[PDB]
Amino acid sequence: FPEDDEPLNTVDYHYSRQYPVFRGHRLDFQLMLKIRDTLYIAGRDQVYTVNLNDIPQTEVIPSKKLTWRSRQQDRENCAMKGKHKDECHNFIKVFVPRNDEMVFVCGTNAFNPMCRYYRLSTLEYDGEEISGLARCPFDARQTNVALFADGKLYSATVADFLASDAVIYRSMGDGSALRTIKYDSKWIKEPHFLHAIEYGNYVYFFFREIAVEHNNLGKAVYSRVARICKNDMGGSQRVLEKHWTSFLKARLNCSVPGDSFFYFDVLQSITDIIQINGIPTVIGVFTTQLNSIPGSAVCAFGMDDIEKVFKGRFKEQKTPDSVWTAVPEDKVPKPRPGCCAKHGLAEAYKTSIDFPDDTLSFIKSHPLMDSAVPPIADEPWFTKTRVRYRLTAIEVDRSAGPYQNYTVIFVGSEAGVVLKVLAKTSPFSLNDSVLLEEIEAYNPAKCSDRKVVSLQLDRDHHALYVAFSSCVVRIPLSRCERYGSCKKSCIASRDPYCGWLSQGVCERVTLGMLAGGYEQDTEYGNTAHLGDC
């Protein structure tokens, strides 16, 4: 079992108090999204715009802003239902561009979810309100997912005021209004939706939920990745009518090997598809259970490894007192459940309504796969145990350093501790993943509660925006400033962003000179023939 690595460098508040924050009267940060050279930040009643080329002086000021508050009658209705007015606000929870000019923005609107269209360049409300049912949650403490694929919006949230109908929904475009089965613990059980990606012929979802492979034990939570077809048209007139015909979910296996594997089963966040040395990869942050000893880790799963688990066996529970087992291959119907029509094995079907009742009623009671998704190298890329907090947010620089052939990973924490890790992704690389720097990003004087929410890499401007429930802080990716001319300090920090120069000092690799001009040893860090400055 690994041990907590020692941070090669630390950055306390006093070393980070010299950094600008955003407040804008609570911010109530909900999400953020970067397009080209502009970062939108969605909180309570407002959506701010920040020019990433505008380098701040006193404080990052919003270039523009979007105002949309709940009409007073909405607030009075939210009060009549019996919820406190602090929740009776229009917390912007959905902000997804449909094309290169308009954006779909959904807010909770005092527990009456609504949706509108705005223009990106001018933040102009051009149009009117689409209802927000099954697209924006009623509560701001919930998570939610919203994605656009070929014109159709795939959402994931709750659809009722009582917060009981957790659902994956799809609408808009030129298809049909599909959804999961209401109150069907076999399909999804008290989940917390996190992320979603569009790959191949499918759209994958990433969430966590109460596990049914542990129903004889406790209410343990597993990490699931679900999958649906883009061209899903629905079930036949008697089976799966107005429901999904390819909803397949599998388990993600973030574990430490040995004689008794240790599993990080709770998922806190994940990235999009990142090209990590030739192959597409998704990198997730997994902590342990609630009532457990807080430990966290960072696993990475490939997209071929995730497509294979769905090409595998299904999982069933024959008797109520038997262990969940794999369904034999000669007992699964035809065509191959989960395959999309007009593709591969189901190419003899042009619509999902022509699907037989043999296959559609099978996937209705066997939606869980048998295999679990293994990570690469079969061991996490980083872990953190001996501390009192859990890691949350995540972002990755796939190309770091002068030759941009190194991967860096930035993770959040429940206590505003953003960790920067040089990660090992290939056999021929390091010996272990090196925690380069540990930063205290929370700004008690500037902010206000110190749980990192999300991280946004600004690679071109060499920055990382760290989110909290009341502030966003711009932290430089590097800190070669503090090592200065102490050539040791810089080489012994092993930072790929920092490079030493003949001019007698060590600075960022994004300065202007050739890659060969910078000198460093991020691999080993050979301190030979040097002095303690």
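Residue indices: 1-based, along the sequence shown.
S.K.: Might you work out how many residues are unmodelled in the deposited sequence between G24 and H25, and answer none, 1 to 3, 4 to 9, or 10 or more?
M.R.: Per the record, 4 to 9 deposited residues are absent between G24 and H25.
S.K.: Enter the number of deposited residues without atomic coordinates between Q142 and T143, binned as none, 1 to 3, 4 to 9, or 10 or more.
M.R.: According to the record, the chain runs unbroken from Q142 to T143.
S.K.: I need to verify one thing: averaged over C-alpha atoms only, is the B-factor higher for 71 to 79 or for 366 to 374?
M.R.: Going by the record's values, the stretch with the higher mean is 71 to 79.
S.K.: Tell me which stretch, 244 to 252 or 325 to 333, has the higher mean Cα B-factor listed in the entry.
M.R.: In the deposited entry, the stretch with the higher C-alpha B-factor mean is 325 to 333.
S.K.: Can you tell me which of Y125, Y204, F111, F95 has the highest Cα temperature factor in the record?
M.R.: Out of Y125, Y204, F111, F95, the record gives the largest C-alpha B-factor to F111.
S.K.: From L66, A42, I491, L39, pick the one with the largest CA B-factor in the entry?
M.R.: Across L66, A42, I491, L39, the entry lists the biggest C-alpha B-factor for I491.
S.K.: Comparing against every modelled residue in the chain, figure out the third that the C-alpha B-factor of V408 lands in (lowest, middle or highest).
M.R.: Lowest third - that is where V408 ends up once the chain's C-alpha B-factors are sorted.
S.K.: For the chain shown, is the CA B-factor of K34 in the lowest, middle or highest third of its modelled residues?
M.R.: As the PDB entry reports it, the C-alpha B-factor of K34 lands in the lowest third of its chain.
S.K.: Sorting by Cα B-factor within the chain, modelled residues only, which third would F428 end up in: lowest, middle or highest?
M.R.: According to the entry, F428 has a C-alpha B-factor in the chain's highest third.
S.K.: Which third, lowest, middle or highest, does the C-alpha temperature factor of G173 belong to within its own chain?
M.R.: It belongs to the middle third of the chain when residues are ordered by C-alpha B-factor.
S.K.: Taking the chain's C-alpha temperature factors as the reference, tell me which third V47 falls into: lowest, middle or highest.
M.R.: Lowest third, going by the recorded CA B-factors of the chain.
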